[PDB]
Structure formats: structure tokens, C-alpha cells
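Residue numbers (UniProt numbering), protein chains in the order written: chain A, 396 to 444; chain B, 396 to 444; chain C, 1333 to 1381.
Report on the structure given below.
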Amino acid sequence: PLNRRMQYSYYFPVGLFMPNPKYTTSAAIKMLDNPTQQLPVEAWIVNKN
Amino acid sequence: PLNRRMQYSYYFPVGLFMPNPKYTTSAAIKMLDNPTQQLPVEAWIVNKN
Amino acid sequence: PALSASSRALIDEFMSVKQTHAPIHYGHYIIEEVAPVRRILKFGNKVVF
């Protein structure tokens, strides 16, 4: 009975909209499109494996 | 008989096409090509030599 | 909050440089994992705790 199973709730948003003064905090990421009219669509999460 | 062998099967793709939101994770590799119309046609691997 | 990413570029930048990554981009974001269990990450060999 000491092999109990904890349950932790995990959450993450999907597809938010950033504030209009957009910015970056690191370089060397150049996405070949318009960075002002850019929009999230996905949520690339990581599995257990 | 304690000098057995293994069969580690390997794989690698050849000539995939990247999605149209193209990007980079590092700078300082500048090619003199059209970066949006880029297309792999070979696949350089390493040998054991 | 778990590990998310609104693009694969930000999760590659997080896998490469753990300390100095970009948590917020122009039109994307990434939320690091602050879970009570330290799930070790691995994308190839770029080991991130």
C-alpha cells in the first residue's frame, strides 16, 4: 500500500493572441512570414516517451 | 560464445519537404539560395570510417 | 503548467539552450514545466532537465 499513485493536474493554453506591441527575447529564430500578423494555432506538447 | 553480435537496425529519411512556415534555430549558416524554395534531394550520412 | 509550444522552433530553442531560451516570441510562446516531478527531456541527445 506504500506504492500510492499521486495525481497531478497539468494544464496549458492553446492558441492565445499576443499583445499588440510584439517582441522577441532571443535572436536566431527567423520565421519566413509576417511577424505582426502572426497567430498561434497549435500546442506542441511533449509525451511521456 | 560470449562474443555475440547484435542487430541494431537503423533508419533515416531522404528528401522530406519542410512545411511552409520555415524557420531556423541557429544563425551563422548563410546559404546563397532562395530559402523559401529550398528542397533536400540528398542525405549525407556518416560512416564508421 | 506543463511543457507547451506554439511552434517547433521555440521547443528546439528550448532544447538547445536551457538557461537563455526565449519564453515569448513574436507570435508564439513556450511555457516551461514547473511540475513537482522533474521529467527529463530528450530530443536526440540534447538532454534538458
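Quick reminder that beta carbons are idealized off the backbone N, C-alpha and C, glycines included.
Check your understanding: Can you tell which of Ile-440(A), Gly-410(A), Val-441(A) and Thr-431(A) has its C-alpha closest to the C-alpha of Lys-417(A)?
Key -> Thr-431(A)
Point to revise | Contacting positions in the segment 1345–1370 of chain C - beta carbon closer than 8 Å to chain B | key: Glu-1345 and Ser-1348
Check your understanding: By how many angstroms is the C-alpha of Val-409(B) removed from the C-alpha of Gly-1376(C)?
Key -> 18 Å
Review point. Going by other Cβ atoms of all chains shown within 10 Å of its Cβ, with 16 needed for buried, is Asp-1344(C) buried or exposed?
Key: buried
Review point. Starting from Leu-1373(C) and walking both ways along the beta strand (DSSP E), at which residues does that stretch end?
Key: 1373–1375
Practice item. With a threshold of 16 other CB atoms inside 10 Å of the CB of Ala-1354(C), please say whether the residue is buried or exposed. Key: buried
Practice item. Output yes if chain A places a C-beta closer than 8 Å to the C-beta of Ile-1343(C); else output no. Key: yes
Exercise for review: Compare the C-beta of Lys-425(B) against all C-beta atoms of chain A and say whether one is closer than 8 Å.
Suggested key: no
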